[PDB]
Amino acid sequence: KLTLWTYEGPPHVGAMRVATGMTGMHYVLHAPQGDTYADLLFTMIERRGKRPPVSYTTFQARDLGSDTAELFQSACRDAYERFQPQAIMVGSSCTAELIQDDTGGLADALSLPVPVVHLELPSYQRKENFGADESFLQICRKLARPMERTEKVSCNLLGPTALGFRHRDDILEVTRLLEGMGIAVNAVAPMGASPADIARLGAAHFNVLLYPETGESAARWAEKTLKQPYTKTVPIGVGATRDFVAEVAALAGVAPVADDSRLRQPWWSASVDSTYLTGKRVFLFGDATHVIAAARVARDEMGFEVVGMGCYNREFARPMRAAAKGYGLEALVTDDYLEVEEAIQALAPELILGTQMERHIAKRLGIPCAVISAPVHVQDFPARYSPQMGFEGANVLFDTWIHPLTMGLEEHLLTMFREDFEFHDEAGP
Amino acid sequence: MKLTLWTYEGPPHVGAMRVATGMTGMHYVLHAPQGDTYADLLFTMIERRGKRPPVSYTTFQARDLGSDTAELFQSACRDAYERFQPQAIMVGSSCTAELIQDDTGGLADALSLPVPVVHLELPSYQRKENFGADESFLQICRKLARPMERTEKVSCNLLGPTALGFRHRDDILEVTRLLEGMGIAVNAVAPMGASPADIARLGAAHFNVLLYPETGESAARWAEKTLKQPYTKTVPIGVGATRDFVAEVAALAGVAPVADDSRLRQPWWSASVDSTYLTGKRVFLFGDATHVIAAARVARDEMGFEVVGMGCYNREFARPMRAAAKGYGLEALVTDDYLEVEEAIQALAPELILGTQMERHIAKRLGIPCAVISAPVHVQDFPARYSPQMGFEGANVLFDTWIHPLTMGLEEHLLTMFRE
Amino acid sequence: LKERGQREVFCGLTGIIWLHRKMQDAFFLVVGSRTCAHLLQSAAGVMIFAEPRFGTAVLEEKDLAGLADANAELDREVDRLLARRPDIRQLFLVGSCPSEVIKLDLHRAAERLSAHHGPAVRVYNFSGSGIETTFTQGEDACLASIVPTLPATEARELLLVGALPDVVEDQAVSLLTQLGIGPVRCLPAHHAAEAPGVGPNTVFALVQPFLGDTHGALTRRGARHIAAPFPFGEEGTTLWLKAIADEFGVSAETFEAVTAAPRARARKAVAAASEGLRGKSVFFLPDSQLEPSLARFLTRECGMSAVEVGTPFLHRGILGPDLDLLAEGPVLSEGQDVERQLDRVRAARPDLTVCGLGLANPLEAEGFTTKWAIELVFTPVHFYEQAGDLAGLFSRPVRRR
Amino acid sequence: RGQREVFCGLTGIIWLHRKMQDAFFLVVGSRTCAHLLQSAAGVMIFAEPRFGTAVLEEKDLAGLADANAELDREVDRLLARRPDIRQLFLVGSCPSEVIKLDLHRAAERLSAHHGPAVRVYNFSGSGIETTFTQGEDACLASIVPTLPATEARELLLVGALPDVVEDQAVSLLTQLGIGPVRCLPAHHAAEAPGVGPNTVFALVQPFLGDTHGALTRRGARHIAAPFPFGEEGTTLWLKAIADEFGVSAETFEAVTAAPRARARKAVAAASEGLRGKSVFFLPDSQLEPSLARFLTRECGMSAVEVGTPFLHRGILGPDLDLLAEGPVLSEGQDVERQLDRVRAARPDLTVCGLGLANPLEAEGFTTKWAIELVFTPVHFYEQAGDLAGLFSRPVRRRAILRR
Ligand code: PMR
Ligand code: PMR
Ligand SMILES: [Cu+2]
Ligand SMILES: [Cu+2]
């Protein structure tokens, strides 16, 4: 139907999100001339110094039938020769699916010495998160195999992928937590990893799932084949951080510790500056994990009552509904922005927390706005250290959440204070 | 006698109270009138302090004049010792106190309490708050910081970080992590994390680090001759200043530079293609001396901006202000009045101005993007998130903090053009 | 309990912050040091960015050494600031601690200043310093200063006196006209647009409890106060308007029937928040002399249990009806050393604590919920409309822990 | 020959939506093309623009008629939310051409029940067939045949010109002596100009090859002239127009003397920062030859290699004839080999795609994102200094930052 905004794009951009978060990995994609804007997206939002390692066939109208298969063959071979990757993934775009060209057989015909990963995914009924999750599944299935475990306790960080909302500071904070309690990180994937790291993946004892949108399937595959349990908790907020600490300590079998000295959110919310902060209604829309964690920290730590919760991940509809039943409301799972427009008009909240769509609709509605979700623009990716997880994650969360509210309070106070035409002559008529 | 509506600083006893509350084991007795007791509000609330500031006030009134002021002061000091139990005590005076014939030092001597006391002579009508903090610092240093045998490992002292400082809690952390980067240990952090034992051990450092000039320069110079303690001259705000400071400390301690460039991202993001339009943007800077110097350096060198207006309310550092302003070929504006800087930004009309809360609000009135880079701030400027203003991380913080107003105004203009 | 060991209050210069809100034709010249300027600036917060009417000229060493130098500089500065603000007519030379210790005679200076400026622009001064007054005493000192200048009136008129938010003043006028009898003259008239004649004829009632010098100012004219509970909460306002009715001979049935709907709305609003503060203990600290009326309202309407009530100064002659309405439970107290009342706070374990902002965060860290009395002067809590919001201000059902 | 980096023809839709206030653009692309136009001009989408995508479900691919009826219902629904639209555009997406959906007869049957105010035009924005501004060219060529026939001698200004630049152009043309200043990309459908045997048109943007061919089919005759990039090129254009309408050289000089000095001074005011820089080109929007000739002749730059998507010799001729013999033209773009040639040349400035903009900077190469000049007004005399500053921007920043 008619579409003007999409929270999630084609699965292939998520697949190459995993690809570019990966290192030494080259995605050969059967795409038309013009499906090259995802590289622009990465070098703009992620500000990558290296071009996204994704090759494109970019076929033409003349190149059709017998010519396009040889074009894909050529793309694979010159990509391998030019970049010398240690492994290749092959996939198809929306148009490439329509033409009966099999990427798997074309890649097999080359017989490249490096392993070739066959990525198969429908391009219409799925979304980018499907691309990311299935790509992680394919690389985990192929490159990773069960083997002996490291003597000392180590964990593996799955979920942080490129073009993800605040993932670079995220992995740093989480690694800081694990090393503070003594657990080392054997490998972090897809960010900052190698195919050798994917091979060593199973050497850890237990696993950690930061972003279920991109790692839940890989976590399950590790649980079954690699025999590695993964955590069910995502440490966003103080309480979630403590629960995550306890769970990872139990899995590792070590003494749980935490660095609460860095943490300042509970005191900064117990001050009177957060007394007016009680009673504010917050609308939450975004990705499932972020929305649920934000609602939890808002209800307990932030002094908020949730007025509306929603998401765009049909896969995560069940956990979101289960959580929202606890808050008393009902889930709003959809990808259309007219729906959230109508919902924000009906509820009329005082604060809205969501992706760029929520930010701008709040700007239109004259409501304070904040960003917590994945679909963002260049300004929302910071050079500073702005993690969303851990105790520092809690402090960042408090600061960025109250910033629109204190801005609105200041402007409203100034507007009311120098109010024009102060007569009220009815006083003593 | 000039009418002031908004001042950039406080009475010098405010800075003395800053240094007093920074370090633990101190108590600060004001000879202050009743109702001048407000000064702990800002500490309890703007800085969001969970503990009462270690201060006690006599709160004299019209009925208590002459001898009654002295008896009230004596009782105040006695009860402060008895119930607060401070390891170090000091006596101070307010604006009204010096006008009355009340000798703070004489009263302290008459008390003759076992804990050492120091008499703080505060020219509350000649000078301002930062001077008071600095004087309290040097006075306590000469009181109970005595020269003593060097440490086994090269040690440094961070002088300057006080309460009510800009980000000071974060700058101490960043500098400390960097110095552990070369592995040199910080013997004592003062006055932000000081104690009577810490001030006693302050002489153990092999050199001093002037993290903030306005509050530690005179203490560093006192240690220069009293303790033979060299102090670094360069402030590490910005990447180039960070490298200069790293070289300086490596030279003083004799250790290798061993600088870590891993976390830094500001140069790549400033040279990034999306950041081309920042070039040639006029900027006006006002506020704290070293803050403005480093802001101008960072802007002109690494940001691509053209410094179009420079100023400083810290009159005691007008000489570095003027030197830098001539270095950029500008005209230093040393006014302490909001109206002069208001007129300056009107005439110059910079695209962006970065000062303190006054500059932020006048830019809001003038419809100009603005950011705060100086000391006078409201409650929300001090964040719970750690936001160092210095070091490699501080480079990225400074970068995107300056970026935010510009991109906000730019996208707003794009929206306005687009619905038109 | 009048121990003077240590006091934590505000100068009456804090009264200027919201006092200027009532009259937008009042400019205040503060002859104060840098410290009083810093107090006014900090406490005002976002005001200073909107060009208030607070002129706090620092007493430099130059004009503090001598006396007449500051006297002439005063004239020069007021001429300057009149040039800056042609709209401004009323000027106030507020007293400050440096001026008191140097004994600068503000009265004669203001008199000659008004003489030379002329009838159009008139300057009356007072002293709001912490040496002789405290916090709320600044406002009644100011209005008592402008009382003698108000001409005597020969018409018996219902009198309202006290700085008050404009919407509350309008609603009070509406309610007293709904009573039918009693012309209302607003002594803090909006930007002095109607100079309120005050004389022996106009018997007055009090709306703001802290107004101490106000009663003396209106007895000098001959006006008498009428025993009336201060309008805090629905029943406080009800008994207040009943007192006004009794003074002006309004039939009990008529005023009972007339105000039925407003007090029905008020009881709805107050019951909306009463359930939050049921069966708890509270402690009051000397902040703004507004505490005894609050204790009465909380105790009898909100079901509060008041352990202690700390007031810097009790004007029992006017607070007597308040005390009679108040239960014998809470111990009354005229000025308690902050450490002593802090010890009683620790002993009593108050679920809610009302005090200054400066003490507030330390008590919160100690584990006691705090409500700062610096707020309630700003926010409207003064009548039927705000009867519910009064309780809501003390609701604080945070319970995050 | 190999991997190309261009943007499929829907990237024009963003500026055609601004050019015609009356025109709405329904894309029939997948989530890929919808994502292209969504992750594009983000400010536009937050300001309720006039373009959307009709993503087709799985059943819509096998069932051609089902997709046809779905699109028809979308057209019928569109008027409910926007009653201002009077002409409509079913642009062609790559999936639509692969599934062989015929949007021509779709437009015919949709205009059949929409009369007389609403009519819908069909053209292709498929990257397999069009490339970037070639979609603009195809859109204008699509609206060309529907223009009425006339006998009046009219000058046609074809090209999606910015409004202020168009006002300057029409003012200069009127004061020259040339009366008709009609523009094919009319702001509203009521301003559409008629084309007849005596119609004479001048090409503003180089990439309007299909439009030029279409008006040649109708009978309109092209004015062969250099494109309006810098003072001298605009002077040559206006001379050619004066000759085609017979306008005297004296009045031309009187008109063009005043802004010429200001334009040359504006160009020189940014020439110094860019002075003596070798500039490499990558094929982006087929405006590279004219931009290169201006840069070289006026600003004084030594171009290394000029790269364009494709060259239309007939219309672009005069610019190449004015272009220096040093630079070598390039047809096609294999971005790997083009990048290698860039490294070999080591140019001071490289105009290239934004996907290559950051990586080129990482290697230390100053990069200029070529998509300014299509969007930001750089045409004619007033904007010559602006265009010069556009190229002087990156080099100055590169100098200031490092070292
Ligand atoms: C001298 C004490 C002082 C300081 C430092 C401030 C700034 C300040 N004024 Mg509170 N303001 C003080 C007192 C007053 N301020 C006033 C204005 C005011 C209001 C309504 C409020 C406020 C607040 C503050 C704050 C936030 C921290 C705080 O609670 O003190 C500062 C620093 C804020 C608050 O109390 O927390 C939610 C709030 O709602 N300022 C008023 C007019 C009634 C007074 C008398
Ligand atoms: C295609 C996706 C995309 C990305 C990653 C950005 C970043 C961006 N789009 Mg570029 N903007 C995109 C959309 C486009 N903008 C394009 C050009 C353009 C314009 C006219 C503008 C713009 C803007 C941006 C900006 C801010 C500065 C800039 O790089 O232009 C980013 C990061 C915005 C602006 O602020 O310019 C000064 C603006 O007016 N970009 C084009 C050429 C067809 C496209 C498809
Ligand atoms: Cu903002
Ligand atoms: Cu902002």
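Residues numbered from 1 in each chain as written, not as in the entry; some residues may be left out. Chains lettered and ligands numbered in written order. Part of a larger assembly, values for the part shown. Heavy atoms only, no water.

- This entry, as listed in the PDB, derives from cryo-EM and reports a resolution of 3.82 Å.

- Named according to the PDB entry, chain D is Light-independent protochlorophyllide reductase subunit N originating from Cereibacter sphaeroides.
- In the PDB, the title recorded for this entry is "CryoEM structure of DPOR under turnover".
- Entered under Pathway in the UniProt record, the comment concerning chain D runs "Porphyrin-containing compound metabolism; bacteriochlorophyll biosynthesis (light-independent)."
- Recorded in UniProt for chain D, the comment headed Sequence similarities runs: "Belongs to the BchN/ChlN family." (UniProt positions renumbered as here; feature names shortened; annotations may be inferred.)

- By the naming in the PDB entry, chain A is Light-independent protochlorophyllide reductase subunit B, taken from Cereibacter sphaeroides.
- What UniProt records for chain A under Pathway is the sentence "Porphyrin-containing compound metabolism; bacteriochlorophyll biosynthesis (light-independent)."
- Recorded in UniProt for chain A, the comment headed Subunit runs: "Protochlorophyllide reductase is composed of three subunits; BchL, BchN and BchB. Forms a heterotetramer of two BchB and two BchN subunits."

A closer look at helix α16 (residues 391-419) of chain B
Point 1. Taking 1.5 Å as the rise per residue, α16 of chain B with 29 residues should run 42 Å; its terminal C-alpha atoms sit 42 Å apart, in good agreement.
Point 2. In the structure, α16 of chain B departs most strongly from a straight axis at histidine 404 of chain B, where the bend amounts to approximately 30 degrees and where the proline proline 405 of chain B lies between one and four residues downstream. (Helix = DSSP H or I, 4+ residues; strand = E, 2+ residues; numbered from the N terminus. Expected span 1.5 Å × (residues − 1). Bend = angle between axes of the 7 residues up to and from the residue.)

Here's the deal with the pairing of strand β9 (residues 306-311) of chain B
Residues and elements named next belong to chain B.
Point 1. Counting buried positions over the six residues of β9 gives five, a clear majority of the element.
Point 2. Where strand β8 (residues 282-285) lies against β9, four bridges are found, and the strand directions are parallel. When the bridges of β9 are listed, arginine 282 appears paired with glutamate 306.
Point 3. Crossover connection from β8 via helix α12 (residues 289-303) to parallel β9: handedness right-handed.
Point 4. At this point the chain moves from β9, through helix α13 (residues 318-327), to the parallel strand β10 (residues 332-333), and the crossover so formed is right-handed. (Buried < 20%, exposed > 50% of the residue type's maximum accessible area, 1.4 Å probe, protein only. Pairing = 2+ DSSP bridges. Right-handed = clockwise from strand over helix to strand, strands pointing away.)

Re the site of ligand 1
Point 1. The immediate surroundings of ligand 1 are formed by 17 residues, with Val272 and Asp273 of chain A together with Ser42, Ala43 and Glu375 of chain C found nearest.
Point 2. Within the side chain of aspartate 273 of chain A, an N or O atom sits 3.2 Å from an oxygen atom of ligand 1.
Point 3. Between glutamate 375 of chain C and ligand 1, the recorded distance is 2.8 Å, taken from a side-chain N or O atom to an oxygen atom.
Point 4. Elements with a minimum of two residues in the shell around ligand 1: α2 (39-45) of chain B together with α2 (34-44) and α17 (373-376) of chain C.
Point 5. A per-element tally of the shell around ligand 1 places α2 of chain C first, with three residues.
Point 6. For the shell around ligand 1, the residue count by class is 13 nonpolar, two polar and two charged. (Near = heavy atom within 4 Å. Polar contact = N/O pair within 3.5 Å; in protein donor to acceptor, adjacent residues only side chain to side chain. Nonpolar A, V, L, I, M, F, W, Y, C, P; charged D, E, K, R; others polar.)

Things to note about the interface of chain A and chain D
Point 1. At the junction of the two partners, chain A supplies 50 residues and chain D supplies 52 residues.
Point 2. Buried area between chain A and chain D, both sides added, is near 4,400 Å², and the carbon and sulfur share of it is 58%.
Point 3. It is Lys1, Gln33 and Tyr124 of chain A that lose the most area in chain A upon contact with chain D, and together they represent 19% of the buried surface on that side.
Point 4. Close ionic contact of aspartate 340 of chain D with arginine 82 of chain A constitutes a salt bridge, the shortest N to O distance being 2.7 Å.
Point 5. For the side of chain A that touches chain D, the elements supplying multiple residues, two or more each, are β1 (2-3), α1 (11-21), α2 (37-46), α3 (66-83), α4 (94-98) and α15 (356-365) of chain A.
Point 6. Of the pairings in the sheet, the one linking β1 of chain A to strand β2 (residues 51-54) of chain D comprises two bridges and is antiparallel in character. Bridged to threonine 3 of chain A within β2 of chain D is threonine 53 of chain D. (Contact = heavy atoms within 4.5 Å. Buried area = accessible area lost by both parts, 1.4 Å probe. Salt bridge = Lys/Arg side-chain N within 4 Å of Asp/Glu carboxyl O.)

Observations concerning unusual backbone geometry
Point 1. Residue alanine 189 of chain A is joined to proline 190 of chain A through a cis peptide bond whose omega torsion reads -5 degrees.
Point 2. The residue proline 190 of chain A is located in the loop between β7 (184-189) and α8 (195-200) in this model.
Point 3. At the junction of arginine 402 of chain D and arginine 403 of chain D, the peptide bond is cis and its omega measures out at 0 degrees in the coordinates.
Point 4. Position of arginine 403 of chain D among the secondary structure elements: in the segment after α18 (384-401).
Point 5. The backbone of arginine 48 of chain B shows a phi angle near 60 degrees, a positive value even though the residue is not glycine.
Point 6. Mapped onto the fold, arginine 48 of chain B is located in the loop between α2 and β2 (55-57).
Point 7. Judged by relative accessible area, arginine 48 of chain B falls into the buried class, the value being 7%.

Structural notes on the interface of chain A and chain B
Point 1. Counting residues at the interface gives 35 residues for chain A, matched by 34 residues for chain B.
Point 2. Carbon and sulfur atoms make up 55% of the surface buried where chain A meets chain B, a total of about 3,300 Å² over both sides.
Point 3. A per-residue breakdown of the area chain A buries against chain B is headed by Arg47, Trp268 and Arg384 of chain A, which together make up 25% of the total.
Point 4. Taken together, chain A and chain B are joined by two salt bridges.
Point 5. Measuring nitrogen to oxygen at the nearest pair gives 2.5 Å for the salt bridge that ties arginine 48 of chain B to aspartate 273 of chain A.
Point 6. One can count 12 residue pairs in polar contact joining chain A with chain B.
Point 7. Elements with a contribution of two residues or more to the side of chain A that touches chain B: α7 (168-180), α11 (265-270), α15 and α16 (390-417) of chain A.
Point 8. For the side of chain A that touches chain B, the element with the highest residue contribution is α16 of chain A, accounting for eight residues.
Point 9. Grouping the amino acids of the side of chain A that touches chain B by side-chain chemistry returns 13 nonpolar, eight polar and 14 charged.

As for the sheet that holds strand β12 (residues 351-353) of chain A
Residue and element names in this part refer to chain A.
Point 1. Reading across from one edge, β11-β10-β9-β12-β13 is the order of the five strands in this open sheet, with parallel pairing throughout. The strands lining the two open edges of the sheet, one partner per strand, are β11 (331-333) and β13 (369-370).
Point 2. Sheet topology note: the strand β9 (residues 280-286)/strand β10 (residues 304-311) ladder contains seven bridges and is parallel. Bridge pairing links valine 282 to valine 306 in β10.
Point 3. Contacting β9, β10, β11 and β12, helix α14 (residues 337-347) runs over the sheet at an angle of about 175 degrees to β9. (Axes fitted to C-alpha atoms, helices over the stretch in contact; angles between N-to-C directions.)

Some details on the sheet that holds strand β4 (residues 155-159) of chain B
Residue and element names in this part refer to chain B.
Point 1. Pairing within the open sheet is parallel, and its four strands lie in the order β5-β4-β6-β7. Looking at which strands have only one partner, the edges of the open sheet turn out to be β5 (185-190) and β7 (231-232).
Point 2. Sheet topology note: the β4/strand β6 (residues 207-210) ladder contains four bridges and is parallel. Bridging across to β6, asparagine 157 finds its partner in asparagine 208.
Point 3. In the packing of helix α9 (residues 213-226) onto the sheet, contacts are made with β4, β6 and β7, and the angle to β6 comes to roughly 160 degrees.

Observations concerning the pairing of strand β12 (residues 352-355) of chain C
Residues and elements named next belong to chain C.
Point 1. Burial along β12 is two-sided: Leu352 and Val354 and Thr353 and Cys355, pointing in opposite directions, are all buried.
Point 2. Examined bridge by bridge, β12 and strand β13 (residues 369-372) share four bridges and lie parallel to one another. Its bridge partner lying in β13, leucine 352 is registered against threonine 369.
Point 3. One crossover worth recording links β12 to the parallel β13 by way of helix α16 (residues 357-365), and it is right-handed.

Describing the site of ligand 2
Point 1. Taken together, 13 residues form the shell around ligand 2, and within it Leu40 of chain A, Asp274 and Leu410 of chain B together with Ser39 and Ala41 of chain D come nearest.
Point 2. The contact in question runs from an oxygen atom of ligand 2 to an N or O atom on the side chain of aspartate 274 of chain B, over 2.9 Å.
Point 3. Elements supplying a minimum of two residues to the shell around ligand 2: α2 of chain A together with α16 of chain B.

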